[PDB]
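These notes are about the structure you will find just below.
As a convention, Cβ positions derive from the backbone with ideal geometry for all residues, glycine included, and neighbour counts pool all protein chains shown. Values in this text are rule-based calculations from the coordinates and carry no lab data.
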Amino acid sequence: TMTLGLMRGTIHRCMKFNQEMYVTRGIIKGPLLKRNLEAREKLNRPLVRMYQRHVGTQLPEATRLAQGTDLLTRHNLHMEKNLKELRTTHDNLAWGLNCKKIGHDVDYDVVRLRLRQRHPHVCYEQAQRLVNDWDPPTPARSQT
Amino acid sequence: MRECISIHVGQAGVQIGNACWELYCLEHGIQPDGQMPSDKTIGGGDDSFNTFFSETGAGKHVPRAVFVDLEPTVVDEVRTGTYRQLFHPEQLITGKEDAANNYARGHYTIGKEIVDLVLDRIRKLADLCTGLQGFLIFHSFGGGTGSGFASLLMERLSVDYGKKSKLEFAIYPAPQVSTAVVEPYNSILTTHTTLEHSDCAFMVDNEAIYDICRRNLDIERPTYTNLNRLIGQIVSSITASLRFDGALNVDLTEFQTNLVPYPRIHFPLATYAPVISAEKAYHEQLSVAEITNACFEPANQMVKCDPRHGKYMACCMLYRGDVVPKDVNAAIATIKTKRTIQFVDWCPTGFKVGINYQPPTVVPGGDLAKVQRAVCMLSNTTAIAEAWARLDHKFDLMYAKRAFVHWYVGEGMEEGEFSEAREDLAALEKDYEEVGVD
Amino acid sequence: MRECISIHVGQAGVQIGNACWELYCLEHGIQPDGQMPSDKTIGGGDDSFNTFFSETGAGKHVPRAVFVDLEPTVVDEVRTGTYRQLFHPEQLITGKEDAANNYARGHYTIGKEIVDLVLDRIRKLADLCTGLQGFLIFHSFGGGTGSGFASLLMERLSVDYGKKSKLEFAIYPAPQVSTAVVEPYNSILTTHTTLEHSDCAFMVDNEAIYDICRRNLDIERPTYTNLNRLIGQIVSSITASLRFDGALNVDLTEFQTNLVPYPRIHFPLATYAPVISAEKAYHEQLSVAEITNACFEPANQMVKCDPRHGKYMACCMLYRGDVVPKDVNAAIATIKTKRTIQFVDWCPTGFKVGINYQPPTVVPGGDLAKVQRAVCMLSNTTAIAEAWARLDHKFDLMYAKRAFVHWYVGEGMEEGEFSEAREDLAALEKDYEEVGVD
Amino acid sequence: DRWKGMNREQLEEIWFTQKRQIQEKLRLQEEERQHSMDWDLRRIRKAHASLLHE
Amino acid sequence: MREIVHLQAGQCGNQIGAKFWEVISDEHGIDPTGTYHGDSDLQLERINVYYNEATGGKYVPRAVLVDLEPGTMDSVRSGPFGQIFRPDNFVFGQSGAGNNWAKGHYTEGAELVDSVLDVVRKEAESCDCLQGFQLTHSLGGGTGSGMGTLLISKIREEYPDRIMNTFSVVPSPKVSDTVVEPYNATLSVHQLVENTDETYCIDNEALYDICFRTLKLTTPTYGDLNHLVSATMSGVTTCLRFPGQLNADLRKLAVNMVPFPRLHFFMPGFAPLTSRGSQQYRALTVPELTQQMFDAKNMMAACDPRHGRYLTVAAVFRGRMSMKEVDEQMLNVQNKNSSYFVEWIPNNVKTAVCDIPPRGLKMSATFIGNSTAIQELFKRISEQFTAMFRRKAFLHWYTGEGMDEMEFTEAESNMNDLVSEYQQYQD
Amino acid sequence: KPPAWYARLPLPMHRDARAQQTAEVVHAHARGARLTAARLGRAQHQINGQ
Amino acid sequence: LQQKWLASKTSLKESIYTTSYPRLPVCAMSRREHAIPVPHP
Ligand SMILES: Nc1nc2c(ncn2[C@@H]2O[C@H](COP(=O)(O)OP(=O)(O)OP(=O)(O)O)[C@@H](O)[C@H]2O)c(=O)[nH]1
Ligand SMILES: Nc1nc2c(ncn2[C@@H]2O[C@H](COP(=O)(O)OP(=O)(O)OP(=O)(O)O)[C@@H](O)[C@H]2O)c(=O)[nH]1
Ligand SMILES: Nc1nc2c(ncn2[C@@H]2O[C@H](COP(=O)(O)OP(=O)(O)OP(=O)(O)O)[C@@H](O)[C@H]2O)c(=O)[nH]1
């Protein structure tokens, strides 16, 4: 049970890293609006190409652009593979919790019925009419 | 062309936008039906409305704003009102669950499956627009629903739209009045998330709004009708440059270039000078000199900040109505010669003037006076760090005694994010202090 | 000339063709008796009906369609309907025994003795026709009788006439809803049998058809009447090129050549953009731009696929109504340059436009909108493989524990080409990703 | 090749019939409400008589 | 949409539930027969938070009545509003309680919890998405405590994602009639604080005092006391059903109330209490309201927090008010009374204004209090518990039922922890 | 102040820095060319003299 | 003072929005004398 508290925080921090790296994707794949794109001096600034002029090879800014996009996509795959496993493991722990808890609860109502018949009163017939029904049988069987 | 889109996040921010959109129709010829009289102004949607409303070939003016809310009560109630036929049905973005004042609950639990829908709304509004200077974000710092949902959407609209302007307006937390002790928690959460994305954030406080009401407007028992009206006038004034013309016309882009000195800090202060009762305006006179003194009178600010405890950086004047540059340039020169007025030595000039000849109009069944000469006092001063100063020694207490954390850690946060903001704040005041040092 | 022969297999596929021919009679003004008014359009059968109806010397518009079913109930009901006098009696090929949802029972037990009967109908329809570009096949993958019966026929139709087109239309199985568990059995039997013979197979899924209806048409309780009208309008739109002309006229041959890239995969997806409610159309306006945004909006697709999880190859749009090329070519230029829409780089252009001047009309007793600018979006993407990917993991479990095999082995089968079916399927996904692999 | 589009007269004819369509759609609801509540009234009376017999 | 299903527990809530529901019906204007007289659109539109639609415009109360003694059921059934209640929801047992907590918690509950769980889940599926539940019962009430402790436990694992509101009355401190009542309360409160999230604390002696203080009518009926507590309970529920800018959700309220999970026990405060001449001798002003709202005599819950300090305070204002008066009244009281709050939290006020007045009066309100005034309560029961557990009187019954001393040890030990918990935080 | 900038790799604000990381090279060649523009321009000037 | 004395509302079940924002008279409407007048395109 102490563990059940512990993983949630890990999930809480694990999930947060994911959201802004999708944001980090947007902040590295443009704003996805060509018709506003120009106002930021459309990538290749007019000044750059007229700077080229004599030219003679160009800027490796496209190279880092490709490389940076490649990296973040890789990490995307890594976490998603790791993320999917986590929920599956969590639910197994969640399921195992339920089996453990219910197990003793059904087991619990055993000793108590005994002391209900030690008393100086009570005789034969009260037991047998109630032997077949002391608790609604239905061991709650995850009822829904 | 010259148009924009307004955003109204939080049920607190929807009755204000309601009033603003009520005000806007009171100068655009608008009838509650949705059409003009037989007079010819309808067409492809190109006239004074084309910047504000969308009156297509159907002849019905479609406002360029979206009301988003998460409690159906008010939004359905306003969906049954007088202008609801004008309001586009699902532009009135409603919700069935609240955020429990919890910024994160409004940012993580429900905002995921709702933002995609509103993202569809903005693009279908973005495409129909032509120039779309920017966005008019109406929210609130102490937002039960305004706080969390806005932060995600402003982030989402920032990443896909990172070039156009974004105008932010929120009721600032009352310095001494707190309807909720959870308000500071989310308020700093909003600020730190927005400092690196928000373009121009404008703040306001209701207490001194009320203080004005019984000082010169002389109303001891006003209402939001009055409260919503006056901020609606304020936003109407700043938008008058789009609606009308003047000796010189200015745009929001010039404001951001000239108002904010340095990055991060983008928190100027607005103020409307001719705030007076009708009878007081009746048997008295208005001119540039006294309204200039009034707009620089420290008690006329809706913000609890003493300008003599701070120092000025900017002062933007938007004169709407009949005025001439002569007395304007003469009066401001006297203001420059005033010694109590303490700008920083860094700025020789800090005066942004906008002249508009349209005389501000009254509202039917209104409370304002009869204005011919009006000005909005947009300024930034160093007397504002106390506002962030008061909340930290507020906040540092509760975080040390970690009140209500079980609520927030209950639905999935941790303390690191709360940690980050405090030195982010500690960075803010020292930046305020360092720039305050000349 | 420009005519075709329609085939309606399956008691599922019979109400739809009923509704389609009901729709088709309105635009031609066909009276239920079978004749025009005193207006002069009848003759040797040469006018707008000549492509669809056979209004011969008798003056009665005889549709060029055959309804085939294995249970007499619905067909005996429809032959007691309103237009039963229009319909040819034994063209309504009826049956007395069902296939019990079994594919091979409808393929072996009873189809032998009736295929010769219907083969008489087609050749007697073939002789009266002149150009007969192709055929209209309406079926269902989860065909209790549509699946098995059409399978033998189309094989017999392929062998005798392989020189013309065969157009296939079926309701795609609901990905998570299953009203039958033998449906995966017969469906994969249909797909593999049809892969090497079907010319153009088009699918639809009802769940999103429902999802649209309470999204924009705002009807929480529709019916087949609305469902069949939707698909009936879909087939009506694609047949408007045959009915009326346009700026350019396009034909299924051009559709086939320009839609299927390569062998096997001939399964694009259709979509209709101006699906909106009445009052929403009332106080709003339609134009090319927003319907172009709406047509490519992923939630407007009736098949549960995410285009961002796949990639585009072809897109065919059929503009029915009044449009000008100026806004058309401009809008698509924006669409081609759109970032999110991920076409395969193999195709520089993948756009096939069909202009039709005739505005789409409403049907009396209908619920659609009144569209002046309509479009049907025929497109094929790689985001479809998940459906068959969904299919196989359903099948691989079921088949390993070999449920209901006693039923199929009982009347003359065993598990043999149940195996070849899956690597025929497994061929499909690997081909789908290989073409996905650039 | 020269068709420049429809005229508004058709469009006014267009906008009107939807207004109609909504109206018969509204009564279609309302009449079904009547049809539904009739069944209950039949159920009320038959149940009442059953209690009389009991 | 979000709705509520109610529970009528114990034989006290049998009167309380009867009064609480008829107040709502009279508030919403439905006749006792159930055929609503359409008069107010807003209440017509916000009845679905509590009521479903039956045939012929009849509004079914989505509440459950449970007991063991049929006579109380017959009396409330024969009441003016028994017809609006359903025989489907009348779940009862074939036994007399003896008002034994353990018999109701172990013996008689076992064969009745199955039935009630089916009823509530049927009602749960009858609705879409609840806010949660509220329960009317007593902490010292033998049947209500016995079943409630069982039912609250079972509902927790069933739906740990909703509001488990509890409404229980504290028996008279001076006299308890039931001599084993201190045993019953100690048993229940152990599970209560463990299962509950909210708890309304109400005492009868103060209600008699309030009758003395303002009613001045000598001899009232216990239903009149039920009329008061229903009015208080109705007032807090007015927020959800009615429009007006006040954020209504109990979670919206609870997160404003609970800085630490153990804070479940809350104290009410109500709106103008008026005497025979003062109905027409009163100038109804927010000042004299707010004055009366914070009166040491206006309380009804347990006792004077004058002995302690004020942790969290929240008041809802029902009627035509405005932000300025409630603001300045808060300023007035904050300056009037600064030091007697805790320095742990300032600005401890939560303000809500319901613009819709009640029926009969215009300017009204309701207050909920969480102050350090529960220490007197459980310390009182401590000496009673220790004295009776000093010599184990009346213990053979529970041993006969299947009870032994061990469970009391942690029951009081947890209780002793809360005593130190309440003290040490404030002290 | 702890030393933080080492390499890692995540760069939430990266395009903007790279944009100014174009600013040095774009101006760099401009300075060198004007030096040549200096020597060529006067050269012809006094050349036209004689 | 005399008329207000009654202080007895007729329609107490009124939302402020209805009271605060009713339909305003048509003849009280502003005219656009100079609001960037561009009849020409
Ligand atoms: N903007 C605005 N604020 C108001 C008005 N009246 C009161 N307020 C204050 O504004 C705050 C609104 O914030 P929230 O309550 O969090 O609003 P929300 O996030 O949309 O969610 P709710 O709690 O349901 O309203 C309240 O705390 C009030 O103090 C008003 O008319 N407009
Ligand atoms: N095409 C069509 N399909 C429908 C209609 N209504 C329901 N359906 C779906 O279509 C399927 C019908 O296919 P089958 O049951 O195999 O039809 P069949 O082979 O002609 O013979 P039957 O089993 O007797 O109906 C059902 O599983 C439904 O899910 C409808 O009006 N038209
Ligand atoms: N209904 C009702 N209850 C009262 C009244 N006066 C005091 N009570 C108390 O309310 C408590 C709660 O009722 P229940 O929980 O239903 O009673 P119980 O479980 O059978 O156990 P008892 O306390 O012995 O009655 C009882 O313990 C009574 O002491 C009254 O006038 N009417």
Check E:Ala124 against each of (1) of a type in the set (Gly, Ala, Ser); (2) surrounded by fewer than 15 Cβ atoms within 10 Å (Cβ to Cβ); (3) more than 15 Å from E:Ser145 (Cα to Cα) and name the one condition it does not meet. (2)
If you check B:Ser165 against the conditions, is it of a type in the set (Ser, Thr, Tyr), surrounded by fewer than 23 Cβ atoms within 10 Å (Cβ to Cβ), within 14 Å of chain A (Cβ to nearest Cβ) and under 22 Å from B:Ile238 (Cα atoms)? yes
Which of (1) more than 30 Å from E:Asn256 (Cβ to Cβ); (2) part of a helix (DSSP H, G or I) is the odd one out, the single condition B:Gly366 does not satisfy? (2)
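Looking at this structure, is B:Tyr103 in a loop (DSSP other than H, G, I, E, B), within 16 Å of ligand 1 (Cβ to nearest atom) and of a type outside the set (S, T, N, Q)? So that I can check it myself, show each step before the final result.
Numbers: in a loop (DSSP other than H, G, I, E, B): yes; within 16 Å of ligand 1 (Cβ to nearest atom): yes; of a type outside the set (S, T, N, Q): yes.
Criteria met by B:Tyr103.
Just to be sure, is B:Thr349 loosely packed, with under 13 Cβ neighbours inside 10 Å and more than 29 Å from B:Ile188 (Cα to Cα)? Break it down into steps so the answer makes sense when it comes.
Working: loosely packed, with under 13 Cβ neighbours inside 10 Å: yes; more than 29 Å from B:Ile188 (Cα to Cα): yes.
Criteria met by B:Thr349.
How many of the residues making up segment C:86-113 are within 11 Å of ligand 2 (Cβ to nearest atom) and either within 14 Å of chain D (Cβ to nearest Cβ) or within 24 Å of C:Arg64 (Cα to Cα) (or both)? Walk me through how you get there before you give the answer.
To start, the set of residues in segment C:86-113 that are within 11 Å of ligand 2 (Cβ to nearest atom) comprises C:95, C:97-103, C:105-106.
With either within 14 Å of chain D (Cβ to nearest Cβ) or within 24 Å of C:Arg64 (Cα to Cα) (or both) added as a condition, the list becomes C:95.
Total satisfying the criteria: 1.
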Considering only helices (runs of 4 or more DSSP H) wholly within segment E:371-427, the ones with at least 1 residues that are closer than 22 Å to E:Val170 by Cβ are E:375-391, E:406-426
Out of the residues in segment D:1-24 that are closer than 20 Å to C:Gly365 by Cβ and basic (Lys, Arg), which is nearest to the other protein chains (Cβ to nearest Cβ)? D:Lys19
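Given the criteria within 14 Å of another protein chain (Cβ to nearest Cβ), surrounded by 13 or more Cβ atoms within 10 Å (Cβ to Cβ) and closer than 30 Å to E:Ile163 by Cα, does B:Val362 qualify?
Numbers: within 14 Å of another protein chain (Cβ to nearest Cβ): yes; surrounded by 13 or more Cβ atoms within 10 Å (Cβ to Cβ): yes; closer than 30 Å to E:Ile163 by Cα: no.
Here the answer is no, as B:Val362 does not meet what is asked.
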Consider segment B:168-190. How many of its residues are under 23 Å from B:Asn228 (Cα atoms) and within 10 Å of another protein chain (Cβ to nearest Cβ)? 7
Chain G: number of residues that are closer than 18 Å to E:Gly319 by Cβ, away from chain B (no Cβ under 11 Å) and part of a loop (DSSP other than H, G, I, E, B): 8
When you look at B:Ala421, is it of a type in the set (A, V, I, L, M, F, W, C), more than 20 Å from B:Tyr103 (Cβ to Cβ) and touching a residue at least 60 places away in the same chain (Cβ under 8 Å), yes or no? no
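Per-residue answers, yes or no, for (1) surrounded by 17 or more Cβ atoms within 10 Å (Cβ to Cβ); (2) closer than 23 Å to C:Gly142 by Cβ; (3) of a type outside the set (A, V, I, L, M); (4) away from ligand 3 (no atom under 16 Å from the Cβ):
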{"residue": "C:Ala19", "(1), (2), (3), (4)": "yes, yes, no, yes"}
{"residue": "C:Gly29", "(1), (2), (3), (4)": "no, no, yes, yes"}
{"residue": "C:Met36", "(1), (2), (3), (4)": "yes, no, no, yes"}
{"residue": "C:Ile42", "(1), (2), (3), (4)": "yes, no, no, yes"}
{"residue": "C:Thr56", "(1), (2), (3), (4)": "no, no, yes, yes"}
{"residue": "C:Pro72", "(1), (2), (3), (4)": "no, yes, yes, yes"}
{"residue": "C:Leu86", "(1), (2), (3), (4)": "yes, no, no, yes"}
{"residue": "C:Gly106", "(1), (2), (3), (4)": "yes, yes, yes, yes"}
I need a count of the residues in segment E:40-89 that are out of contact with any strand residue (DSSP E or B) (no Cβ under 9 Å at 6 or more places or on another chain) and within 16 Å of E:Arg241 (Cα to Cα). 6
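Confirm whether E:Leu228 is farther than 22 Å from B:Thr179 by Cα and surrounded by 19 or more Cβ atoms within 10 Å (Cβ to Cβ). Outline the logic, then answer.
Numbers: farther than 22 Å from B:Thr179 by Cα: yes; surrounded by 19 or more Cβ atoms within 10 Å (Cβ to Cβ): yes.
Yes: the conditions hold for E:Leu228.
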For segment B:191-241, enumerate the residues that are over 16 Å from the mean Cα position of the chain (by Cα) and under 23 Å from B:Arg422 (Cα atoms). B:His192, B:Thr193, B:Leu195, B:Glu196, B:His197
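Only one residue in E:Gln15, E:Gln83, E:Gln43 is in contact (Cβ under 8 Å) with a residue 24 or more places away in the chain and within 14 Å of ligand 3 (Cβ to nearest atom). Which one? Write out each step before concluding.
Values: E:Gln83 fails: within 14 Å of ligand 3 (Cβ to nearest atom); E:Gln43 fails: within 14 Å of ligand 3 (Cβ to nearest atom).
Testing whether each residue is in contact (Cβ under 8 Å) with a residue 24 or more places away in the chain and within 14 Å of ligand 3 (Cβ to nearest atom) leaves just E:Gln15.
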Counting only residues that are within 14 Å of chain B (Cβ to nearest Cβ) and among the small types (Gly, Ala, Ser), which one in segment A:21-76 is surrounded by the most Cβ atoms within 10 Å (Cβ to Cβ)? A:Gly26
Within segment E:194-262, considering only helices (runs of 4 or more DSSP H) that don't extend past its boundaries, which have at least 2 residues that are within 14 Å of chain B (Cβ to nearest Cβ) and within 16 Å of ligand 1 (Cβ to nearest atom)? E:222-241, E:250-257
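Matching residues to (1) part of a helix (DSSP H, G or I); (2) within 11 Å of ligand 1 (Cβ to nearest atom):
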position	(1), (2)
B:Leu153	yes, no
B:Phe169	no, yes
B:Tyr185	yes, no
B:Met203	no, no
B:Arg214	yes, no
B:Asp218	no, no
B:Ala240	yes, no
Sole miss for B:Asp76 among (1) within 16 Å of ligand 1 (Cβ to nearest atom); (2) outside any helix (DSSP H, G or I) is condition (2)
Suppose we keep only residues that are closer than 17 Å to C:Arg2 by Cβ and among the small types (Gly, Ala, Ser) within segment C:42-70. Which one would you say is nearest to the chain's Cα centre (by Cα)? C:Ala65
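Would you say B:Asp218 is away from ligand 3 (no atom under 16 Å from the Cβ), surrounded by fewer than 23 Cβ atoms within 10 Å (Cβ to Cβ) and at positive phi? So that I can check it myself, show each step before the final result.
Details: away from ligand 3 (no atom under 16 Å from the Cβ): yes; surrounded by fewer than 23 Cβ atoms within 10 Å (Cβ to Cβ): yes; at positive phi: yes.
So B:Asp218 fits the description; yes.
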With respect to C:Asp116, determine if the residue is away from ligand 2 (no atom under 13 Å from the Cβ) and either touching a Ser or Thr at 6+ places or on another chain (Cβ under 9 Å) or of a type outside the set (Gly, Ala, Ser) (or both). yes
Top-ranked residue of segment C:315-349 - restricted to ones that are farther than 19 Å from C:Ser237 by Cα and aliphatic (A, V, I, L, M), ranked as farthest from the other protein chains (Cβ to nearest Cβ): C:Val344
If a residue must be away from chain D (no Cβ under 11 Å) and either within 21 Å of B:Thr130 (Cα to Cα) or among the aromatic types (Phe, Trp, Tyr) (or both), how many such residues does segment C:265-285 contain? 3
Tell me, which helices (runs of 4 or more DSSP H) lie completely within segment B:276-361 with 1 or more residues that are touching a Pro at 6+ places or on another chain (Cβ under 6 Å) and under 26 Å from B:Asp205 (Cβ atoms)? B:288-295
Reported set for segment E:99-118 where residues are buried (at least 17 other Cβ atoms within 10 Å of the Cβ) and either of a type in the set (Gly, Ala, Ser) or over 30 Å from E:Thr178 (Cα atoms) (or both) is E:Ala102, E:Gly104, E:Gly109
